[PDB]
Amino acid sequence: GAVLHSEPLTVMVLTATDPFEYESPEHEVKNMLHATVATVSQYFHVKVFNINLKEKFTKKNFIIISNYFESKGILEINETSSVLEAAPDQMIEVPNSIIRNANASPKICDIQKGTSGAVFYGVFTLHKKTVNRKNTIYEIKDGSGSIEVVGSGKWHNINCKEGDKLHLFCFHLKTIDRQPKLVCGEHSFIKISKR
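In PDB author numbering, the protein residues as written are 221 to 415.
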């Protein structure tokens, strides 16, 4: 159950992925990208479903979004949304603290406290990989704990080795055998950093 934001909101683009394939709710494969943006008070993760907007979602661009959606605190832009270039006199002053917050990853111990279905993003070191038959277990670890990431579909058996860093986008928390795990969903994405 998403909510609709009708009013213009000026944001500064912080980061954006390249386009990648995903399956839509109508069971069609299309392209999307993940982005992060900031107002003067807060940063947001954004799912961008209209790939024609990829040039507007460039780092340090100022854009004005309207008729966009929000689910679980994540903003969603689809074809029906409006994304305009901000005029020079429409720029906003984003404190560097917000940008630092946006780039910070959550600690695994805090992911482990999440409610079922909570959504997380971050960059984590791969500690152990178990390639099963229908899915792959990527055990990630930081100084606060360890958690299993369950990858299937596009994220089954990806080309990585223990020690690499995995940048996880839009994974969600699920209890599996009395244990919190991160699992992929419709809009999940992984980026590998070799080490």
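Using N, Cα and C, we set each Cβ at its ideal position, and we do this for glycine too.
Cβ of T259 within 9 Å of Cβ of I312? Cβ distance < 9 Å, so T259 and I312 count as in contact.
For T350, which residues of its own chain have a beta-carbon under 6 Å away from its beta-carbon, when the five flanking residues on both sides are left out? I357
Can the beta-carbon of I294 be found closer than 9 Å to that of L273? By the CB criterion at 9 Å, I294 and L273 fall outside the cutoff.
Which listed residue (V231, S226 and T237) has its alpha carbon closest to that of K411: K411 has its Cα closest to that of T237, out of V231, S226 and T237.
Any beta-carbon of chain D closer than 9 Å to the one on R415? As a matter of chain content, chain D is missing from the structure shown, which is built from one protein chain.
Sort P239, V403 and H347 by Cα distance to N355 and report the nearest one. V403
Is it buried or exposed, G337, if we count other Cβ atoms within 10 angstroms and call 16 or more buried? exposed
Got a sec? Which residues, its chain only, sit under 6 Å from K250 by beta carbon, not counting five neighbours each side? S244
Buried or exposed: where does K280 fall if 16 or more other Cβ atoms within 10 Å of its Cβ makes it buried? exposed
Rounded separation between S325 and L393 - CA only: 15 Å
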